[PDB]
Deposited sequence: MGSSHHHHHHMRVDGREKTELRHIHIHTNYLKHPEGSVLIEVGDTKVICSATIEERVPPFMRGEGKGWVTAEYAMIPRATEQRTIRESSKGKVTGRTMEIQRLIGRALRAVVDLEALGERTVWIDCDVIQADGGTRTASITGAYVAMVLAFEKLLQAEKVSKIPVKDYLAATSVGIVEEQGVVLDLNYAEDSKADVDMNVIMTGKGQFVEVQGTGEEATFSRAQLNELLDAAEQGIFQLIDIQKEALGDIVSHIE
C-alpha cells in the first residue's frame, strides 16, 4: 500500500552522524541513501608557506573511496595512482568550504578535511561537502570552547547536491549511480543557507542542455539544498546558536 520509490524532486534518506569517531576535532558519517562518507576535520596550527604571516587560515580537502565502496572493486589509490576524478573532487570540496569560512577569524591554521567514501551509490562529492561542512563546524565549536577563536568562523551554512536530466524521466534530484549512468545531463550545485551559490558545475554527457533546463535543474537543487541545510541544523543541535 505504501508508495514505492522516490519522487523526481525527492532526496534519498539523509542521516548525519556527529562525533562519529573519537580522534578528529570534528567527525561525521553522512549517509545519503546507499552513499556513505566518513568526513573528518583536523586542525593544524600552520598554514601553507605561500600565505604564512598574512594572518589568514586555509581549508584543504582530500578524498578517497575504499576499494569495495563500489559494486565493482576499484584499484586502490595507494601511491596505484591518484585519478583525475579524485583530484577534481578534492579541488571542489576545498574551494566550496573555503568560500564559507571567515579565514581571518580562523586565524593562521589549516583545516584538513578528509572524505573517505565507505559506500558509493552516486553523489559522493556533494555528500562529502554536506558532511564535511558539519565536521568542520564541530571542529570550530571545539576551537571556540578552547577560546582559540571568538566565534564559529563561518559566514553561512553550506550544502550540496546533484541534479540531472535522466532518460525517460526528465529533471531528477539527488541521483544514484544507476541514474547518473543513464543521465544525459548531470550537475553539482553548492549553495548557502541564504540561497547564494558557491559552485555550479553542469555537464552534458554526450548531449547538451538549454538555458531553460539549467534554470530548472538549479531550481530543483536549491530546494534539495535548503532541505539538506535543515538536516545539518538538526544534526548540529545547540551549536546552531553559535552561528548567525
Provide the list of deposited-sequence positions lacking C-alpha coordinates, grouped into contiguous ranges. 1-10, 90
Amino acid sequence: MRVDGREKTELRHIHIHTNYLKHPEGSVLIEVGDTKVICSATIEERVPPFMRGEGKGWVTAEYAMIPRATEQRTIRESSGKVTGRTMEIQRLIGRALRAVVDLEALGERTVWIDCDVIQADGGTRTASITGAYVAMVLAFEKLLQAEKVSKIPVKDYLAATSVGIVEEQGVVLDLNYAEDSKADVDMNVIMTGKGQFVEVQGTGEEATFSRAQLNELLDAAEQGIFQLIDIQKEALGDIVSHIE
From here on, numbers count along this sequence of modelled residues.
Select between 164-172 and 81-89 the stretch whose C-alpha atoms have the higher average B-factor in the entry. 164-172
Per the record, averaged over C-alpha atoms, which has the higher B-factor: 61-69 or 41-49? 41-49
State the tercile, meaning the lowest, middle or highest third, of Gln227 with respect to the CA B-factors recorded for its chain. middle
Chain-relative CA temperature factor third for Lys22: middle
Just say lowest, middle or highest third for the CA B-factor of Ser181 relative to the other modelled residues in its chain. highest
Please place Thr35 in the lowest, middle or highest third of its chain according to the CA B-factor in the PDB entry. middle
Taking the chain's C-alpha temperature factors as the reference, tell me which third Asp102 falls into: lowest, middle or highest. highest
